[PDB]
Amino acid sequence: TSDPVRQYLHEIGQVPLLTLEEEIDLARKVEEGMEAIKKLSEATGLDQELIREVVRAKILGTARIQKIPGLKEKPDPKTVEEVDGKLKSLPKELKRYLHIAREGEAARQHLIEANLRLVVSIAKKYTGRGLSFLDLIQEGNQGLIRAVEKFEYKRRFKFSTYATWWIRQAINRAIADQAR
């Protein structure tokens, strides 16, 4: 019952689970956001992932869970200001893609937050294997993030199905690495 860990569990416990309908709606928004981000990259000559990360950094203020173990830190503030500057200065026709991209990353963050409880339930099955509980959570969280990136809502499978696959993969890979 690590104080910081107990506090994380308390915090993710307040995030309600998504209904099927909401799940589909968020996943749809993430897809649309990635397509818009592609367009912004073509227009600006900037890396898609760099655009995504900056757009994310600008929607985190409205987020429910701020510090999530295992998640990539925001880029340095100067990179943010610079890239956010270029995106904001784009012509009318392109600024709608920016709106769609912002909606997508806001949706991604929500979808991730609403599944942190699943990561924890799986992690509990892997304790005493060389990684601390907190470490299991960090690795599981990175599997969750990968799940979100590759999830295809059109297959009509529940998100928990695909996330479980990835969270186990990530945790198993981390355990095998620790072991050498």
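All residue numbers refer to positions in the sequence shown, first residue = 1.
Query raised in the report: On average, which has the higher Cα B-factor in the deposited entry, 115 to 123 or 53 to 61?
Result: Mean CA B-factor is higher for 53 to 61.
Review point. Looking only at CA atoms, which has the higher mean B factor in the entry: 67 to 75 or 84 to 92?
Key: Taking the mean C-alpha B-factor of 67 to 75 and of 84 to 92, the larger value falls to 67 to 75.
For residue 155, return the chain-relative third of its C-alpha B-factor as stated in the PDB record: lowest, middle or highest.
Its C-alpha B-factor belongs to the lowest third of this chain's values.
Comparing against every modelled residue in the chain, figure out the third that the C-alpha B-factor of residue 143 lands in (lowest, middle or highest).
Answer is lowest: the recorded C-alpha B-factor places it there.
Original post:
Relative to the other modelled residues in the chain, which third contains the C-alpha temperature factor of residue 134: lowest, middle or highest?
Top reply: As the PDB entry reports it, the C-alpha B-factor of residue 134 lands in the highest third of its chain.
Once the chain's modelled residues are ordered by C-alpha B factor and cut into thirds, is residue 149 in the lowest, middle or highest one?
-> According to the entry, residue 149 has a C-alpha B-factor in the chain's lowest third.
Sorting the chain's CA B-factors, does residue 42 end up in the lowest, middle or highest third?
Its C-alpha B-factor, which the entry lists for residue 42, ranks in the highest third among residues of this chain.
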